[PDB]
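>>> my complex, first installment, coordinates as in the assembly:
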Amino acid sequence: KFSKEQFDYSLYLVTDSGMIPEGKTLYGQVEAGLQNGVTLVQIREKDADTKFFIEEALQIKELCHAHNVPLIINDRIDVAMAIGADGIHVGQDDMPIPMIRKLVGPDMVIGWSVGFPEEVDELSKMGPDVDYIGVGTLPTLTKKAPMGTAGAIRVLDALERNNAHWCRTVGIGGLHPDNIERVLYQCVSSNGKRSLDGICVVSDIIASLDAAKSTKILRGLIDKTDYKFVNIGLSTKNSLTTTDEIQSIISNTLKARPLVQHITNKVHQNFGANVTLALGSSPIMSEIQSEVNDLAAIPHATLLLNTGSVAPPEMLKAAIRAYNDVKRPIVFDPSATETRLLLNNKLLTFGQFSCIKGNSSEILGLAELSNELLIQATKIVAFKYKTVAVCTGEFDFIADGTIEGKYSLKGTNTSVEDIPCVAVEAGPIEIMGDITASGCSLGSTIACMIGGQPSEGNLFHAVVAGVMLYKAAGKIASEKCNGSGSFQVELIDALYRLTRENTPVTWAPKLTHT
């Protein structure tokens, strides 16, 4: 009675009978949903009696059809048939798809639980006879290892690579108002052609004291089309960064005197601090959870996040969340050891970053494995994490992956290949890499530059401005130094003087299009 094409995956509610609040029933929760924006319902009973199960399925089936929304069973095939369900959801260890299809006929919708690209290959070597997948666990407690959006993207990419046009996708696992826009936003195919088809919740709706309210919320999120994660203009700029724009950037940050919280390694503490206040803004080296919220609330707080520090992931997660809660900029600086690959992928799941900064090695790791290769790898990373990426080296490349904060359910009509990407070169300056925390301190610089921008500011321009400034100041130091030692002290001086006489026309570095 429902054709495969009539299934709206927008907000897909999946039940759990033993998590409902008192003075509330499954029928009661599933009805609020239906009146506030649920479009697909699945009945889940991993333990209940096969007969209670049936009586329950039948009563909710009436309900769903009342509002004209189908009903799915995960994953009782026989029950699904018995009650004549609209579809069924099975997983990687339940009943194989062919057997099922052989029992239910081609017209019923079959969902599969997928958390790996290999499973999309399998799905596609079965033809259009699997109709949707729920992408892995993005960490829930409703279960009894989470992959993040990065993990979702690999799965989306495998659909696109295999052109499994027939298969829809919903995200699931962990999903609440605090990660949902980030999930819609950064969960798109690399070619930008295919995004998530809808969103799955259990706890957010089922275990709610007000299901009607909780649903309206997820609705707002889902059918909204724009995610301002940072209070700085994300506008797309195809023109190079003019000397007036750079100059306006620097005026701004001297005036605002941004606050740049540094969570970072030991070696980068003093240097990173001095760079910051050489840029006429102030730095806190706080690593205390109790504090992060107060710090983020300060008028121009900016977080520079540097990996390999000793701080617990818990503190890092709360920090990232505090800055995102306040729409304040985070600059991320991260794969040489398995331990670091773990920790970094994990932080990348905690939040929405304003800018990601690394060298050739780190950017190629994040891109998922020359000079054109770097410009490719830099555009991937920017797009993957919807961020401004920066690849250091002789030439610094800077890609804008933000896409103006746009998300939809169709992807973004723009890809990993055609985002704006510029370059900044000032000749060879090998000595810049013979000094410790160089890229760390480029990070401090970027943060201060992003720190000072107002609502009408521009994110991309401020990162470029920051890269120019740092390169310009490294050219000047290389000329005035007598070795490593004096180079670093010349660098800070050069940064101090350059911004104190804010006159970009003068600087050495040359800004081109990649």
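Sure, I can see it. Residues are numbered from 1 along each chain as shown, chains lettered A, B, ... in the order given.
>>> and the residue nearest to residue A:280 when sequence neighbours are not counted, what element?
Spatial nearest neighbour of residue A:280, chain neighbours left out: residue A:254 (4.3 Å); criterion: Cβ to Cβ, 6 or more residues apart in numbering. Every residue, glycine included, has its C-beta placed from N, CA and C. Assigned by DSSP states H and E, residue A:254 belongs to helix A:243-256.
>>> next one: residue A:275
Short version, using DSSP H and E: residue A:275 is in helix A:269-278.
>>> which parts of that helix are buried?
By neighbour count on 16 or more other Cβ atoms under 10 Å, the buried set for helix A:269-278 is A:269, A:271-278.
>>> after that helix, next one along is what?
As assigned by DSSP H and E, the chain's next helix or strand after helix A:269-278 is strand A:282-284.
>>> for that following strand, packing partners?
strand A:259-263, helix A:269-278 (3 or more Cβ pairs under 8 Å, 6 or more residues apart in numbering; DSSP states H and E).
>>> C-alpha coordinates for the first one, PDB please?
This file holds the C-alpha atoms of strand A:259-263, laid out as PDB (Å, rounded to 0.1, in the frame of the first residue of the first chain):
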ATOM      1  CA  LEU A 259      41.300  35.900  23.800                       C
ATOM      2  CA  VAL A 260      43.000  32.800  22.600                       C
ATOM      3  CA  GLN A 261      42.700  29.800  24.800                       C
ATOM      4  CA  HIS A 262      45.500  27.400  24.100                       C
ATOM      5  CA  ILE A 263      45.200  23.700  24.800                       C
END
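>>> what residues does that strand touch?
Strand A:259-263 is contacted from outside by A:268-269, A:272-273, A:276, A:281-287, A:292, A:295-296, A:298-306, A:309, A:311, A:315-316, A:319, A:444, A:447-448, A:451, using Cβ atoms under 8 Å, 6 or more residues apart in numbering.
>>> I'd say residue A:267 and residue A:437 touch.
Yes - between residue A:267 and residue A:437 there is a contact under Cβ atoms under 8 Å: 5.5 Å.
>>> So for these two, which residue has more residues nearby?
Neighbour count, other Cβ atoms under 10 Å: between residue A:267 and residue A:437, residue A:437 has more, with 22 against 12.
>>> For that one, give me its contacts.
Applying Cβ under 8 Å, 6+ apart, we find residue A:437 in contact with A:265, A:267-268, A:271-272.
>>> how close does residue A:310 sit to residue A:266?
According to Cβ to Cβ, to the nearest Å, residue A:310 and residue A:266 sit 8 Å apart.
>>> what does the domain assignment say about chain A?
For chain A, curated CATH domains gives the domain ranges A:1-223, A:224-514.
>>> ok, and which of those domains has the densest surroundings?
Comparing the domains of chain A by mean neighbour count (mean count of other Cβ atoms under 10 Å), domain A:224-514 ranks first with a mean of 20.
>>> with the structure above as the base, add chain B:
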Amino acid sequence: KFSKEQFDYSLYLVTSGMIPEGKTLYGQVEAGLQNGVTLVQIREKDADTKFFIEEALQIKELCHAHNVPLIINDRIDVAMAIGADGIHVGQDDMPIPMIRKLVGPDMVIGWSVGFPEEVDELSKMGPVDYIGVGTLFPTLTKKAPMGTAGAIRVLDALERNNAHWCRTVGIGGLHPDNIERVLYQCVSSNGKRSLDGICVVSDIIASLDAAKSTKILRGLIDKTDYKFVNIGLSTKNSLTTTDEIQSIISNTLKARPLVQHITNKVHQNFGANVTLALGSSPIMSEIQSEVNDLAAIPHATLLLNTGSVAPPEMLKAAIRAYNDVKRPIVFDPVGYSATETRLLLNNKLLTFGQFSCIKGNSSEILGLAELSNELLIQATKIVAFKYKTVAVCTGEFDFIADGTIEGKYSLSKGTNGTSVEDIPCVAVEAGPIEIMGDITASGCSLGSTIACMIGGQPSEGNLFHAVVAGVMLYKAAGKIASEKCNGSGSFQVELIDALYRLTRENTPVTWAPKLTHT
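Now chain B, sitting on the chains shown earlier:
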């Protein structure tokens, strides 16, 4: 029959469940009455109101035999029953006027007070006869421990409210290791009122030799002089002379003071270099087990920066380790007054010991003063006095106040005419040098310099002069570096060089900063 005026709160004993075997409540109370308790309160929060009465009638006779009144606790009826000399209650025990209604005047009524809001009621009631002030330090015998700073808030409310009838005693956590500091730094902001006595339970009641324990408290209480650091604390009206500054520097180069740094990461290296630029040696140890043997070293000195990763446990242990040995501590409360979290931590640290010097920027010093240039001078004097300390407020002008009053303390007097408003407060300035604030831990490194100067001081030295010596020096070195530098980066290397050069030739006659009365 005692009159309210005849009460001597000097050493106020509060009494059971925590008595040592082979000993009696009666025995201990007698031990204290013989070697020093001028007032006894009976506290039996769990006993049968029949046993309570028997116990109380027994001890009322013991007390009265030494001419010391007896005060009952959460119980106005036991106190009438046995004809007690007074009763003590809390904010949740029986309202005071009701109490007064049953017992009539001429019976002393004590109240438990931890906050100024309560002193306000105390006053809207007119002539409540004494109060025990909050629980200063964590006891084990409602609200959390507030330390002298919370005591002081309450003494000031009495003063503001002109509640002259009301006496005060301090209570909670009070032992030989904190009494003289509690008595020394618990005085009203106007120098006019201090604690009237000190109140103990576990220090005597739970004592194996309660006779010894009491004599110790008695000495502590009726002494008037708190030598917290082995360096002279005499008051100095005369500007610090070039001869003196030259003698400080000499003395520190010679002593070569061990300077233990407990400080954020950004300061570690800078501060270590400033330290051995001044011809002493730094140690960056954050290890509890070491602190004791570290501070035993001749001329040891502790610079304490807040924010520092260290657990409040080790911090308490260090502070006490230096106070235990009478070595100076320099406290720098980082923008503490910036987040509720740092406010908490510094306030707690400030209850752990006596600091020689407290150093901070304008924001911090206005915070600690429990909130221009006169205002900064008013604030610096408040901090100096509040914590009985040499406070330094850094800025274009550095301000240095001396709140130590020569280590003097008395009961109830409470100060030899010395208010928040008239401790000596000098000034140091060498023009605008904005660049000193464009390099990290400028103030932390100021702290290193002060520590070294204070560090090398002899028994006959002067704490105040050494703090000023070190601010002159640091400012003199900053003036020079700002001339020779080409930006932030080189400013810092010159700052160290300048300190290195300046102290290798004590010729302060040469330095650039101007030292003046405020």
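>>> one step back: is the helix holding residue A:275 positioned near chain B?
Yes - applying Cβ under 8 Å from any Cβ of the partner chain, one finds helix A:269-278 touching chain B at A:269-270, A:273-274, A:277-278.
>>> Spell out which residues of chain A are next to chain B.
Chain A has residues A:266, A:269-270, A:273-274, A:277-278, A:280, A:283, A:285-288, A:290-291, A:294-295, A:488-497 near chain B, with proximity defined as Cβ under 8 Å from any Cβ.
>>> Which parts of the stretch 351-500 of chain A are helices?
Under the criterion DSSP state H, counting those that start in this stretch, the stretch 351-500 of chain A carries helices at the ranges A:360-366, A:372-384, A:438-451, A:459-480, A:484-500.
>>> List the neighbours of the first one that are in contact with it.
Meaning helix A:360-366. With contact meaning Cβ atoms under 8 Å, 6 or more residues apart in numbering or on different chains, helix A:360-366 is reached by A:334-336, A:341, A:356, A:358, A:373-374, A:377-378, A:380-381, A:384-385, A:389, A:391-393.
>>> distance between that helix and the chain's centre?
Its chain's C-alpha centre and that of helix A:360-366 lie 17 Å apart, by Cα atoms, centre = their mean, to the nearest Å.
>>> Could you export it as PDB, CA atoms only?
Provided in PDB are the C-alpha atoms of helix A:360-366 (Å, rounded to 0.1, in the frame of the first residue of the first chain):
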ATOM      1  CA  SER A 360      51.900  17.800   4.200                       C
ATOM      2  CA  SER A 361      52.000  14.500   6.200                       C
ATOM      3  CA  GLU A 362      49.000  15.300   8.400                       C
ATOM      4  CA  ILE A 363      46.900  16.800   5.600                       C
ATOM      5  CA  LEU A 364      47.500  13.600   3.500                       C
ATOM      6  CA  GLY A 365      46.500  11.500   6.400                       C
ATOM      7  CA  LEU A 366      43.200  13.400   6.900                       C
END
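>>> and residue A:127, which of the three is it?
coil (DSSP: H, G, I helix; E, B strand; the rest coil).
>>> What values do phi and psi take at it?
phi 70, psi -170 (degrees, to the nearest 10).
>>> ditto for the one 5 residues further on
Residue A:132 adopts backbone torsions of phi -160, psi 160, taken as degrees, to the nearest 10.
>>> circling back to that earlier point, now do the helix holding residue A:254: everything it contacts.
For helix A:243-256, using Cβ under 8 Å, 6+ apart, the contacting residues are A:279-281, A:299-300, A:448-449, A:451-454, A:457-458, A:461-462, A:464-465, A:468-469, A:499, A:502-505.
>>> I'd like the distance from it to the chain centre, please.
29 Å.
>>> ok, which stretches of the stretch 1-150 of chain A are strands?
Using DSSP state E, counting those that start in this stretch, the strands of the stretch 1-150 of chain A run over A:11-14, A:40-44, A:71-74, A:87-90, A:109-114, A:132-135.
>>> Sequence for chain C below, add it please:
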Amino acid sequence: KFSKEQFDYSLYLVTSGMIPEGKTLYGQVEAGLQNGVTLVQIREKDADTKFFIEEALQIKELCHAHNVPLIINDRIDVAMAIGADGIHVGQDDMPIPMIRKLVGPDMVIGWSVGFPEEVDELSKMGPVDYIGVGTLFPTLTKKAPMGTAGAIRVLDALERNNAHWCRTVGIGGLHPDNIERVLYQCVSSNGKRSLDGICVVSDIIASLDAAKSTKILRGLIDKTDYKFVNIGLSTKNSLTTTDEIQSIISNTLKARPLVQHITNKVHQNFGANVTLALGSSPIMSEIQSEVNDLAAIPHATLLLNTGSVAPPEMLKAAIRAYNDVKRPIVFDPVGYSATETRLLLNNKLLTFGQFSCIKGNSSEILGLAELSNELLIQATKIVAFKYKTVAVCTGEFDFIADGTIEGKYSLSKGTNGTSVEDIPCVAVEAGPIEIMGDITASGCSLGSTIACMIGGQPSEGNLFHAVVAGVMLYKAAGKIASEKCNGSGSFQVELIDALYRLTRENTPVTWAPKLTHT
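Okay, chain C now, added to the rest:
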């Protein structure tokens, strides 16, 4: 302002921690004041003496609105503070004269009393205004529960000491399942004084419908008639006539009463045979789960022997199961008064329910009377009255007293002129027959006979007449057997035969024993 005389202790409510959710102390107390509490005491053994005061002032107004005084607890100062109507204390709370000294006269003073020794002091004090008497039954809200027997000891001390000023209320464990028995059997030995009221906490405070709970207690309390067994209890001055005895036997042969035996092992078989000799049926079940359905059976009757292996748990359950259904219980306290152990067990059993008849030899009856022939007659009357029961004292003469007073009870009155000394007490004798005591459970089997006689009685029957009927019968059968026997062994088989023959032809005109007024 109430005068001591205006206090109505009828239903005395004592108040917190055990309140049902969605309900307030205030609400419950109001529920009770509306549907029956004539006095409220406030009890807050753990609250802050400030909250206590607030709570008490609030409820004093509630009370006073219904014209019922408020009494405070372990607290004489809260009670002066708020101007309470009285205060209640214990043996370990504040001594009474001190209390009187502070509150003056005109404030009611209650005392907790569990023992006569305490009533003695109460009296050596003269005019303490009321007492709550011990903790009768095990409560969950010092000394152990004493039941009515312990209450009675205290009422007698008041009487002996002529302490007329002092009122009494019963307290502890008091619920609908024991109130009418406590009120019925808690009267002085001279019939002149009974409880003045009944006192509850958990029955109302912890009630989901405290309005219902109170009305139930009110009915119970102001009724005057306790129908504990479904057989008439009218007082009988006239000897039991041969026509009557013949009607008892008829009635029991017809009813064919189920007689449940809980009894030592030596009696099981003998007692079972005596039972079906009398044309009824015995059951020897000692099983808790059965007791309820067993006693539901028409004409069910319970013979309860002490010593019996059974756990006091099952015994309590049985006793209550028969009282719950108003079926008779015959209690035989085996030489209980022989060992502290049996004394304990029987005293406890005696607190579990109401017995129709209590039967014992001389030793036992003198024990239960809480200690010749007149003496045995004085004792049998005491036991009968003490337990509000038909008591039988077996010997050469069997004595039968009737202490039931027709089920009547009142508050404080306390009896329609009926003392330990003038309940009807008859006598039964057929000469010396020493051989009746040379066979085991002679007395236990007497109990079987009584049970059957009582067993078959109708609604309109008479309890007393049936007990005498059965003693005549048993004695008549013993006379015959002693003639036909050749020693102990055959005596027993003839005793049964004689009972079998005697009841197959009710011709009591024929029997040998003589029934006479005492």
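>>> Skipping adjacent residues, who's closest to residue A:455 in space?
Of all residues not flanking residue A:455 in the chain, residue A:231 sits nearest, at 5.9 Å (Cβ to Cβ, 6 or more residues apart in numbering or on different chains).
>>> Now do the contacts for that neighbour.
A:327-328, A:455.
>>> Please tell me how far it sits from chain B.
Here the criterion is Cβ to the nearest Cβ, to the nearest Å. By it, residue A:231 lies 22 Å from chain B.
>>> if we take the contacts of residue A:231, which one ends up nearest to chain B?
Within the contacts of residue A:231, the smallest distance to chain B is 15.9 Å, found for residue A:328 (Cβ to the nearest Cβ).
>>> How about the contacts made by the closest residue to that closest one other than its chain neighbours?
Among residues not flanking residue A:328 along the chain, residue A:301 sits closest, at 5.1 Å (Cβ to Cβ, 6+ apart). By Cβ under 8 Å, 6+ apart, residue A:301 lies in contact with A:258-259, A:261, A:295, A:323, A:326, A:328, A:451.
>>> repeat that with 7 Å
By Cβ atoms under 7 Å, 6 or more residues apart in numbering or on different chains, the contact set of residue A:301 is A:259, A:261, A:295, A:328.
>>> what sits opposite the second one in the beta ladder?
The bridge-partner assignment for residue A:261, based on DSSP bridges, gives residue A:284, residue A:303.
>>> And it, how far from chain B?
Distance of residue A:261 to chain B, given as Cβ to the nearest Cβ: 12 Å.
>>> got it, and the first one?
Between residue A:259 and chain B the distance is 10 Å, computed by Cβ to the nearest Cβ.
>>> thinking again about what came up before, remind me what the helix holding residue A:275 packs against, helices and strands.
strand A:282-284, helix A:438-451, helix A:484-500, helix B:265-277 (3 or more Cβ pairs under 7 Å, 6 or more residues apart in numbering or on different chains; DSSP states H and E).
>>> switch the cut-off to 8 Å
strand A:259-263, strand A:282-284, helix A:438-451, helix A:484-500, helix B:265-277, helix B:488-504 (3 or more Cβ pairs under 8 Å, 6 or more residues apart in numbering or on different chains; DSSP states H and E).
>>> Residues touching the second one, excluding its own?
Applying Cβ under 8 Å, 6+ apart, the external contacts of strand A:282-284 come out as A:257-262, A:272-273, A:276-277, A:295, A:444, B:440.
>>> Which single one of the residues you listed is nearest to chain C?
Of all the contacts of strand A:282-284, chain C sits closest to residue A:295, with 41.0 Å by Cβ to the nearest Cβ.
>>> got the contact list for the closest one?
Residues in contact with residue A:295 (Cβ under 8 Å, 6+ apart) are A:259, A:261, A:284, A:286, A:301, A:322, B:339.
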